[PDB]
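Derivation of every value follows stated rules applied to the coordinates shown; laboratory data play no part. Please note: Cβ atoms are built from the backbone with ideal geometry, for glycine as well, and neighbour counts cover all protein chains shown.
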Ligand SMILES: CCCCCCCCCCCCCCCCCC(=O)OC[C@H](COP(=O)([O-])OCC[N+](C)(C)C)OC(=O)CCCCCCCCCCCCCCCCC
Ligand SMILES: CCCCCCCCCCCCCCCCCC(=O)OC[C@H](COP(=O)(O)OCCN)OC(=O)CCCCCCCCCCCCCCCCC
Ligand SMILES: CCCCCCCCCCCCCCCCCC(=O)OC[C@H](COP(=O)(O)OCCN)OC(=O)CCCCCCCCCCCCCCCCC
Ligand SMILES: CCCCCCCCCCCCCCCCCC(=O)OC[C@H](COP(=O)(O)OCCN)OC(=O)CCCCCCCCCCCCCCCCC
Ligand SMILES: CCCCCCCCCCCCCCCCCC(=O)OC[C@H](COP(=O)(O)OCCN)OC(=O)CCCCCCCCCCCCCCCCC
Ligand SMILES: CCCCCCCCCCCCCCCCCC(=O)OC[C@H](COP(=O)(O)OCCN)OC(=O)CCCCCCCCCCCCCCCCC
Ligand SMILES: CCCCCCCCCCC1=C(C)C(=O)C(OC)=C(OC)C1=O
C-alpha cells in the first residue's frame, strides 16, 4: 500500500514535468505576442508526448567519454535526487514525515552538483568542463544564501519539520515577517535551477551536451522536477495555506494553485530579462545577497528574543 | 565490544595505510586523509549516541569543521604545487634533499 | 605579508599552543594543534618560492597525519574510559597512538624525516618558530600523559632520535639542516628523562630553546644560511664569531657552559633509577653533535676562511637588523651553569 | 539478517574505503569516498543521529567533497595492477574478518569484538519530547562558549590563511 | 558476582489500564488533578530508590 | 606544562564536556551516569597511583557499563547453548519467546 | 487568446493535485479512517507502541476506550 | 502576528507537556512491570536452558555492584523473535 | 524503512529510465559514422579564481554548519549567552566576508 | 556624519541596509521590555518530570497538590 503511495507521488511528478514544457512554450508564446504549440494536439496537448517519442528514438550521439561510469551515473544521480526532494513535502501530509525534512532537502539539493561535475568531467570537451565548473560554482554559491535564509526563516518555525511550517503560518503567511528573505530566497532558487536570468549553460556550452537525446531529456526533466519542487517548497515556506485536517484536499488545491503561479512566475521571469554576465551574478551573491542575508540572520535570531516570540520546539 | 566498531576501526586503518603509502597523486593522499577523518566522525558519533552523553553530541561537528578547514588548507597547498609543476605528483616535491 | 596579518597569525600560533597548555578536554587539545598548524602554514610560505610550498606541503602532511592519530587515540580513550579529561590514558593502544602522534609532531626519529627538509625549505625566522615554539605544545601533552606512556617506546624513540640526529648532522653544510638534526638529538634527550623526572625535561626544553634561539638569531643577524657564508663573519663582524663559538660550545654541552647543564641533570636522574648503560650511550652519542658543532666553530671562529673583495663595501654599513634579545640569549645560553639549582622553579 | 543491517552497512563502508585507499584515480577515489560517506551516514542515522547524518550529507559530501571533486577536475587531465591487487587484498581481508566474526560470534584483531548484531547495545527507554542529540548540539550556544570562540576564530583565520598562501605575494 | 534478585511473575500481575493513548491524553489533566497522591508517592519512591523492584506496590 | 588557567581565574572553558556525569541539558543522564559518578567519587583526590589499585571495582563496573563486553559474552553463551539445544531438539522455546502472548500493558 | 494556455495549466495542476490527495486517502485507509500517527519524538513512539500492545490486534490505530475497562 | 501566534503555540506546548507529565507515573509503573516481566521470562528460560553448562550461575550479575542496572536491549529481547527485536530496536528510527 | 523503500524506488526508476535512454535507440541500425571545440588540443589552463570561490564556499559552509542548530538553541534558558554567541558567529561570518572583500578575493567573479 | 551617510546611502544602499539591520539586531534586545519574557517562557516549558520533594514537615512554599495556591504560577503567560 505504501508502494502505491510512492508511485502516486513519482509518476505524477513525471507527468507534471511533461506538461510543464508545454505550459512554458505556451506562456512564453503569448508573452512574446505569438502562440505556443496548438497544432500537434488540441491546444498543443500532444506536444510533450510527440517530443518524448521523438527524443527516445533519435540516434544516440555516441561520445567518446573520459569515464563511462560517471557518464552513466550523472543522469541517474540527477533523476534520483530530483525525485527524492519531493518525499518530505507536506502537501498536506508528506510521503515520508521526517523530523528534519528541511535539512534533508538542503542536503539532497547540495548533492545535485555532482551530476553537473561528473557530466562535465565525463565529457572529453575541455570547454564543457569549464562550463561545468562555472555551473557548479554558481550553484554552490547560491546554496550559501539558501542555507542561511532557510535558517533565518526556520527561526520562526521552531524545528526543521516541514509539516510544522503549516502550523507556523496558520494566522498569517510567513512572507509578511520575511519578505526580504522571501525575495532573496526566490532569486536564489532561480539561480539554483540554472534558470533565466542565471542560465549561463545556454549563454554564449552546456555541461551535458555530449549526452544523447534520451539522457539529455532525463537531465532536462530532472531540472524541471527541481523547478516545480522548489516552487512547492517556497510555497510551503512563505505562502502556507489553510489546512482543515478533516478536508485535506482544501490544502492540496490551495498549495497547488500557489505553486503553479510560482512556476509560471519562473516562466514569466525568463520572458522578461537578459542574462547576467557570470561575474555579475557572482557580484549579486557575494556582495549583495550574502551581506543582507547575514544581517537578516542576525535580525531573525535576535527578534524572537526581543519580542518574546520564540516558537515551540515540538 | 560491539561489532560495528570493528569495521569503523578497520576503515580507519585502511585509510591510514592508504595515506601512508602514496602512489603518485597528492589528491589521492588528501582523499585518504579525509577518509581517516570520516571514520573518526563515524566512530565518535556511534560512541556518543550509544552512551547518551549529550554534551559530546556537538563534538563530531567540531571534528568535522576544523578538519574540513584543514582539508581546505591542504587543497590550497596542492594547488600551489600544481601551479609550479602542472601536476600534483609527489615525486616533483623532492627539491629539499639538497 | 601585511604586518597586521602577520601579528594576528603569530598571535593565533601562540593561541593554539596556549590552548593546548591550558585545556582540560582532549577536543581542545586537538583544536589547539589544528589552530597551531593552520596558523603556522603562512609563516612557512612567507617568501613564496617552490621550496617553501614543498616544505609547507610536507609539514602539512606529517602534522595532519599526527592530528588524525591523535584524534583516534582520543576516541579510543573515550571508548575505554567514557570521558575526556586530559590526564593519563586508559588503554595501551590509545597510549601508543598518542605517543606516535606526538613523536610525529616533535619530529622524533623515525618520524624525523620531515624536520631537515621543512627547516631547509623555510626562512630562518619560521625555522626558529618551528624548532622552538612548535615543541612546547606536544611536550606539554607528553608531560600530562606520562602515567600511561610505554617505557620501551619512549626510550626507543629517544635513543633513535639521539643517534639519528647525531649522524644526520655530520654530513651537512646547510645551517638549517644542522639545527634540525640538533633538534632531533635534543628531543631525544628530552624524552629520555620524561618518565624519570619531567622537571628535567622542562629544563632541557628551556635551555634548548634558549640556545636554538641564540643560534637562529645569530644566523639572522649575519644573514648566513650555509657554513661557508657563516665563515665570512670574521671579516664582517668579529664579535659574532665569538658569539657563535661560545653558543656552539654550549650546545655541545661542554662545561662550564650552561648547555652542559641539562644533559648532566638528565644523567643525574637516570642513574637514580638504576639506568647506567642508557645515559652513558646517550652521552657518548652526543659527541657527534659536538663534532659537527666543532666543525662549525673551526669554519667560523677559530680559523679565517678567505673572503671576497665586495666584503669591503659591507664594512661601511652597520647592521640595522633588530637583533632582538641576542645579548640576553647569548649570556643565558653560556653563563648559567653556576645557577644550576634554579631548576627547582620548574618543579 | 535485517537485525545486522548497520553491520552490513559498515561492511560496505569498509569496502568503500578499499575503493579510494587503493587510489585508482582521484576522481574515482572521490566517488568511492562519496559512497563511503553515504553509507557511513546511514550507519549514523540508524543509531539516532539524524542531525549528524545530515551534516555528513550537507557539509562533508555536499560541502567538502564538492570542493575535492571541483579542485580535482581542475587537474589530472581527462582521457592499474597495483590498484586491483590492493582492492582484492583489502576485500579478502575484510571478508575473512566477516567470516571469522560470524562463525565465532567473537574476534580479536587488536580488541575483542562481539559478533552479535549491534542492536544489542541500545537503550530501552524514551527521551520524551526531544532528541537528546539535537539538544546536545543546541547546547553549543549555551554551554559551548569557548568552543564557539575557538572554532569561529579558526575559521576566520583559515579564510585569512587561504587568502595569504594562494596569492603568491 | 552475585545473583540478580527479580520479583516473580505473580508479583507483577495487576489489572492493567487497557486504554489507548488518546483516551489517556484526553483525560490527562483530570487524571493529574485527581490521581495526584499515589502518582507522586510512586515517582518520589522511583527517584529515591533508583530501582523499580523497590517501587512495585 | 599544565598551566591551569581555568582553576586560577575561576573560569570554566572546557570542564563541562569533560565527563558524562556533569550538568547536561534538560537533565539527560548518560547510560553509565551512576557508574561514572561512583568511579569519580571513589578516585577523587587520592591520586592516580592509588586510584588504579583502590578503585578497580568501580572502574571495572563502569567499563563494563560502557562497552558491555561481559554482558554480550553472556548473551553469546546463552544464545549459543539455546541454538545447540534447538539443533538437538531437546529444547523448545515458550510462546512468549515466539511472539504469541499478547504483550503486557 | 491567453486562455489557450489554461488546458496545459489544468493538466499540470491535476498532476500536482494527485500526490497529496493520494497520500491523504492512503493515510486514512491505512490508519482506521484517521490521520497517520506522527511520531517525531520517542514519547510519541512510546504511546504508539503502547497503543499497538493494548489493541490486541497488533494494530496501533485500533483504539480501545472506556469499554475495555470494567 | 507571529508574536501573538508563537505565544499561543508556547502555551499549547506547555499544555501538551503537562498532559505528558500527568501521564508519566502510569507509564513508568507499566514500564517497570514490563521490563521486570521480560527479565523474569529471560531468567526462567536461562534456568531451563543453561543446565548442562558446567560452572554456570543462572542470573549471575556481570556487575560487582548490587545496584539496579538499566536492562540492555539484548538483555530483554535476546531470546525473542527477530520481528519483535527490530520493532523494538529500529522501530522509531525507521518510522517514516 | 519506508524511506529506504522510497530511495530504492526512486533510484530504480532513475536507473530504468537511464537504461531505456541509453539502449532503446541502440536497437536501430542507423549508419556507422567516421566523424574525424573552441580549444583544439591545448591543456586546460588553471583558474585560481574558481578554486578561490570553491574554498570560500567551503569555509562559509563550515560557518553555516556552526549556524545550523540555532532553531534548537533558541529554546535554552541561558538566552543571553546563546544570543551573544549567535550574533558572534554571524558577525565572524560577516568579518570573513569583509576580509574576503577588502583583499580583492571577490574579484572578476565578484 | 550626515554627508557621509547620505553618500553611502546613495552609492551602496544594500550595505547601508545591511549594517543598519545588523545594528538593530545588536542593540535592540537590550532595549526591549519583552526580552525578559523570552527567558521566563523558556524556563516555564516543562520538558522534564517535576520530581517531587520529600515532605520533611517544614516547607511552606512547596505545594501538596498542583491546584494548591503556593508554587510557581503562569498567570503572566495567560494574560501578557
Ligand atoms: C517568494 C515569492 C516572490 C518573492 C518576491 C520576488 C518577486 C519579484 C521578482 C522580480 C524579478 C527578479 C529577477 C532577478 C533580479 C536580479 C537583480 C536584482 O534584483 O538584484 C538585487 C539587487 C542588487 O542591486 P544592484 O546590483 O542593482 O545595485 C547596485 C549595487 N552595487 C552598488 C554594489 C553595484 O538588490 C538587492 O540586492 C536587494 C535584495 C533584496 C533586499 C530587500 C531589502 C528589504 C528592506 C530592508 C530594510 C531597508 C531599510 C533600512 C533599515 C530600516 C530599519 C527600520
Ligand atoms: C492527469 C491527466 C493526464 C492527461 C494527459 C493527456 C492530456 C491530453 C489528452 C488527449 C487530448 C486529445 C487527444 C486526441 C488525439 C487525436 C485523435 C485523432 O483525431 O486522431 C486521428 C488519427 C487519424 O484518424 P483517421 O480515422 O485516420 O481520420 C480520418 C477520419 N475520416 O487517429 C489516430 O491518431 C489514432 C488514435 C490515437 C488516439 C490518441 C489519443 C491521445 C493519447 C493520450 C494519452 C494520455 C491519456 C490520458 C492519461 C491519463 C488519464 C487516464
Ligand atoms: C496493435 C495495433 C497498435 C500497434 C502499436 C501502436 C500503439 C499506439 C500508437 C498510437 C496510435 C497509432 C496511430 C498513430 C497516428 C497515426 C495517424 C496520424 O498520424 O494522424 C495524423 C493526425 C494529425 O494530422 P496531421 O498529419 O498532423 O495534420 C496536420 C494538421 N493540419 O494526428 C493526430 O490527430 C494525433 C496523433 C496522435 C498519435 C497518438 C498519440 C501519441 C501516442 C500515445 C501513446 C504512446 C506514448 C505514451 C506517452 C509517452 C510519454 C509522454
Ligand atoms: C553514486 C551512488 C548512487 C547515487 C544515487 C543514489 C544516492 C543519492 C540519492 C539518495 C540519498 C540517500 C539519503 C539517505 C539518508 C537521508 C537522511 C535521512 O535518513 O533523513 C530522514 C530521517 C531523519 O529525520 P528524522 O525524522 O529525525 O528520523 C526518523 C525519526 N522518527 O531519517 C530516517 O528516516 C532514517 C531512516 C533509516 C535510515 C536510512 C538509511 C539509508 C541508507 C544509507 C544511505 C544510502 C545512500 C548511500 C549513497 C549516498 C550517495 C552516494
Ligand atoms: C615552560 C615554558 C613555557 C613557555 C615559555 C616561553 C617560551 C618562549 C619560546 C620562544 C620561541 C620564539 C619563536 C621565534 C620568535 C617568534 C616571532 C618571530 O617570528 O620573530 C622573528 C621576526 C621575523 O622578522 P623578519 O623580518 O621576518 O625576519 C627575517 C628577516 N627579514 O624577527 C626577527 O627575525 C628579529 C630577529 C631576532 C628575533 C629573536 C627572537 C627570540 C625569541 C626567543 C627568546 C628566548 C626564549 C625566551 C626566554 C626563555 C623562555 C623559556
Ligand atoms: C555593528 C553591527 C554589526 C556590523 C557587522 C555586521 C554587518 C552585516 C552585513 C555584513 C557585511 C559584510 C561585508 C561588509 C564589507 C564592507 C566593506 C566594503 O564593502 O567596502 C567597499 C565599499 C565600496 O565598494 P567597492 O569596493 O567599490 O565595490 C564595488 C561596489 N561599488 O565601501 C562601502 O560601501 C562602505 C561601507 C561602510 C559604510 C556602511 C555604513 C552603513 C551605516 C548604517 C547605519 C549605522 C548602522 C550601525 C552599525 C555601524 C555601521 C558603521
Ligand atoms: C520519462 C520521460 C518523460 C517524457 C520526457 C520529458 C517531457 C518532454 C519534454 C520535451 C522537451 C522539450 C519540450 C524541449 O523544448 C526541450 O528542449 C529545451 C527538451 O530538452 C531536449 C525536452 O526534453
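Please determine, in degrees from 0 to 90 and to the nearest 10, the orientation of helix F:33-43 with respect to the longest principal axis defined by the Cα atoms of chain F, where the helix direction is its Cα long axis.
Rounded to the nearest ten degrees, it is 50.
Between residue I:49 and residue E:16, what is the label-point separation in nm under the 7 Å Cα-to-beta-carbon projection?
It works out to 7.1 nm between the two label points.
Got the relative contact order for segment C:235-332 handy, in percent, Cα pairs under 8 Å and 6 or more residues apart?
37
With each label point set 7 Å from Cα along the Cα-Cβ vector, what nm distance links residue D:106 and residue C:321?
6.7
Run the numbers on chain H and let me know its relative contact order in percent, using alpha-carbon pairs under 8 Å that are six or more apart.
23
Kindly identify segment C:246-347 as rounded, prolate or oblate by the Cα gyration tensor criterion: order the square roots of the eigenvalues as a ≥ b ≥ c, call it rounded if a/c is under 1.5, otherwise compare a/b with b/c, prolate if a/b is larger, else oblate.
Oblate shape, in that a/c is at least 1.5 and b/c is the bigger or equal ratio.
Label-point separation (nm) for residue G:57 and residue I:24, each offset 7 Å from Cα along Cα-to-Cβ?
For the pair residue G:57/residue I:24, the computed spacing is 4.5 nm.
Rounded to the nearest 10 degrees, what's the angle between the helix E:36-49 long axis and the longest principal axis of chain E, both from Cα atoms, 0 to 90?
30
For the residues B:27, H:2, I:4, B:59, what sequence is obtained by ranking on other C-beta atoms within 10 Å, fewest first?
Result, fewest neighbours first: I:4, H:2, B:27, B:59.
Would you calculate, for chain A, the mean residue ellipticity at 222 nm contributed by helices, counting each DSSP H stretch of 4 or more residues as -39,500 (n - 2.57) and dividing by all residues, to the nearest 500?
So the calculated ellipticity at 222 nm is -21000 deg cm²/dmol.
Does the protein assembly as shown classify as rounded, prolate or oblate by the C-alpha gyration tensor (a ≥ b ≥ c root eigenvalues; a/c under 1.5 gives rounded; else a/b over b/c gives prolate, otherwise oblate)? Show your work: numbers first, answer last.
Numbers: a/c = 1.73, a/b = 1.23, b/c = 1.41.
Oblate, because a/c is 1.5 or more while a/b does not exceed b/c.
Partner chain Cβ atoms within 10 Å, averaged over the residues of C:2-8 - can you pull that number for me? Mind dumping the intermediate values first?
Working: counts 3, 0, 0, 7, 1, 0, 4.
Mean inter-chain Cβ contacts per residue within 10 Å come to 2.
Does chain I come out rounded, prolate or oblate by the C-alpha gyration tensor, with a ≥ b ≥ c the root eigenvalues, rounded set by a/c under 1.5 and, if not, prolate when a/b is larger than b/c and oblate if not?
Here chain I falls in the oblate category.
Please report the relative contact order for chain C, taking Cα pairs under 8 Å with a sequence separation of at least 6, and give it as a percent rounded to a whole number.
15
What is the helix-to-structure angle for B:3-19, meaning the angle in degrees between its Cα long axis and the longest Cα principal axis of chain B, kept from 0 to 90 and rounded to the nearest 10?
10
Across peptide A:15-26, what mean number of C-beta atoms from other chains lies inside 10 Å of a residue's C-beta?
The mean count of partner-chain Cβ atoms within 10 Å per residue comes to 5.
May I ask you to list the residues of segment G:5-38 whose amide nitrogen lies under 17 Å from a point 7 Å from Cα along the Cα→beta-carbon direction of residue A:170?
Under cut-off, by backbone N: G:35-36, G:38.
On average, how many beta carbons from a partner chain sit within 10 Å of the beta carbon of a residue in F:59-67? Each step should come with its number before you reach the end.
Numbers: counts 2, 2, 8, 5, 5, 4, 8, 10, 13.
Rounded to a whole number, the mean comes out at 6.
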